[PDB]
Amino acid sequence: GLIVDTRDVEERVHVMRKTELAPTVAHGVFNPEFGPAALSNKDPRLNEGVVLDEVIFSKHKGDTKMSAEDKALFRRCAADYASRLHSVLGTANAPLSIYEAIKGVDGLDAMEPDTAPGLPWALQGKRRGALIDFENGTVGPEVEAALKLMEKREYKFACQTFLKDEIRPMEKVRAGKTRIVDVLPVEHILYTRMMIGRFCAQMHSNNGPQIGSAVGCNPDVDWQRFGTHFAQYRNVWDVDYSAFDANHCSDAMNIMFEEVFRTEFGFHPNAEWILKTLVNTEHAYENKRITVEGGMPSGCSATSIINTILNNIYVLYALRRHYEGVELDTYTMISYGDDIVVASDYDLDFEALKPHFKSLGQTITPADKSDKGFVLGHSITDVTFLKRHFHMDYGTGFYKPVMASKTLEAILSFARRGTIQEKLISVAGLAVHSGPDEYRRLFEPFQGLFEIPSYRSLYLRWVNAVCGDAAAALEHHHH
């Protein structure tokens, strides 16, 4: 995005905090090159010259204004992707009720009852529960008033810059590269969910290469589906972006919103409007208010869905800008936010696509980080997606999502106080795919102190999750 204005104000929105993360028993064993992100300028791990607010906004290095010809191309690509999308999903995209937006629906999780409420509620000392009844799914007079402003397109707001309390590579930590969550007002998240929540639910339920989206997928179940699909193609590429969310130009955002969320596809006219409020945003950090044009606010309502949609359009756009006769069946892909896997039987020159992605303000590089750059001949078993490899399970012959052991070691080395038992059960689900020996090694430091699921139990759970018929078939014959 482009920072167009920075000003100081009287009201201080508090940003600096103390980490809730602490080292676990595993930290001493694995000694990972990872640690909690700096949540304060006084953090002694920070490098000399690091000003935390300046580093977090350093990703905003302009809003790429596309040429008239390129915007016309982009719109055709957005409309072509939207056509595919709504053909698969249907047009049942009318607003959710207030109750449904709060409580959720099939394919859409309920709103968080006690997360940050955003501004100006944070300054007034009001929590989310003071504004919204999450049990009964009703809203108070303050939220009611705000919803009316959104109905009339008169609503204005500021984003609250929240430092993301998480583990990062130490090189990133010391450089002050703490990631942020742009906390929008709870009523804005509510209205966004009202306007596009039904669409988001359908996106989740129909995830796959046909719509090019892995949002709402279950890697345990879906790696078999994704792996078998991409295995059919001659070439497979996995692509890395740099600051994907920040570098979405206003042209691309506006055109996408205009073509995907049309009233003719069942949306209320304010679906486009509420999404367009994300383009030019004011961000509050302490006494500073920073106005940014372009870029997607990070960690907001439908951020993954929006980023995924743009990713699909970008690929179609880039290929059509370089080659003639490119259509949606020229290639296949699946995306989750900035993460992407692309495949084709054509020997597509992804190195040649670099300048075409640059015309969108995006910088693409191979995930392998090899010399020269992108190359042909790679397969599904070479790529990473959602930090997971596509490996073949010897026992079943199904694909399974395998995470790198260093990633798992880093995850296990830290935890929020009072959440370790819950985290270990969750991480055990990730680690089972590494095999019995690696599974045992990873959880050895926790044995005795916590309940660790048996490898056997999680393996059997997974076999049924991937293929119930296979699980049933294994019981046909007497041992």
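Numbers follow the displayed sequence, beginning with 1.
In this entry, the higher average B-factor at the C-alpha atoms falls on 443-451, of the pair 428-436 and 443-451. When the C-alpha B-factors of 380-388 and 250-258 are averaged, 380-388 comes out higher. When the Cα B-factors of 222, 135, 187, 80 are read from the PDB record, 135 comes out highest. Residue 168 sits in the middle third of its chain by CA B factor, as recorded in the PDB entry. For residue 63, the recorded CA B-factor ranks within the middle third of the chain. Only modelled residues enter the ranking. Annotation for residue 19: C-alpha temperature factor in the highest third relative to the rest of the modelled chain, per the entry. Per the PDB record, residue ranking by Cα B-factor puts residue 156 in the middle third of the chain. Per the deposited record, the Cα B-factor of residue 394 falls in the highest third when ranked against the other modelled residues of its chain.
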